[PDB]
């Protein structure tokens, strides 16, 4: 787990233009296009960012490239900023990623407005920061995200985020999932030919009382049919949604 997997979870993946929860036009993995309320302003901005005529639509490659630029921008924004850099340099990798997340969501300047929180973080005072961050326009606008980001600063662990990975062992695919607020990782061995998506999903549910929703989607956000055999599933990437969160899974081969 790292900054890129973390932001994938927080931000999801969309190949069409959409309104985020603040209601601004966005695409890709959390790429804000404009704060303008015009959809043409937004299509216009997209075309500039990609360097072609998209008609509001991009490819998975274009999303990852853009995402990669935005993260880079966010790190370079921290290093150029005089309030942010000291804090960033004091922090371990996991807490650094929490900060970059914040910068990525609300810019260099919004984040430097958090003078007390930042001081507390520099001073190693993890709960006092957490409590303080928890009282902010940020937390109010996007509380679920903010809680996750705050838990990362509080703890210095990846506990608020989850996981999904796919590995072969004996020629069988093995899927491991660590859920948010869970110490234990859990794994699932499937039979490629005879097992299907729905079988795997029912097992996922069976494993934890805390799961109220599970689904698989293509990267395009189209639901994969439950009856689809696991061998077909693993020919490409897919999105596994578990409660609120989405995990972009990238099987080998």
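Positions refer to the first chain, counted from 1.
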Query raised in the report: Of the two stretches 230-238 and 15-23, which shows the higher Cα B-factor on average in the entry?
Result: 15-23
Report task. Return whichever of 170-178 and 83-91 has the greater mean Cα B factor according to the PDB record. Result -> 83-91
Query raised in the report: Looking at 148, 125, 183, 96, which has the highest CA B-factor as recorded?
Result: 183
Requested in this report: Would you mind checking which of 101, 163, 152, 116 has the top Cα temperature factor in the PDB entry?
Outcome: 116
Report task. Ordered by C-alpha B-factor within the chain, which third holds residue 253? Give me lowest, middle or highest, please. Result -> highest
Query raised in the report: Lowest, middle or highest third: where is residue 132 by Cα B-factor in its chain?
Result: middle
**Report entry** Chain third (lowest, middle, highest) by recorded CA B-factor, residue given as residue 59
**Finding:** middle
Requested in this report: Sort the modelled residues of this chain by their C-alpha B factor and say whether residue 205 lands in the lowest, middle or highest third.
Outcome: highest
Requested in this report: Report the third (lowest, middle or highest) to which the CA temperature factor of residue 29 belongs, ranking only the modelled residues of the same chain.
Outcome: lowest
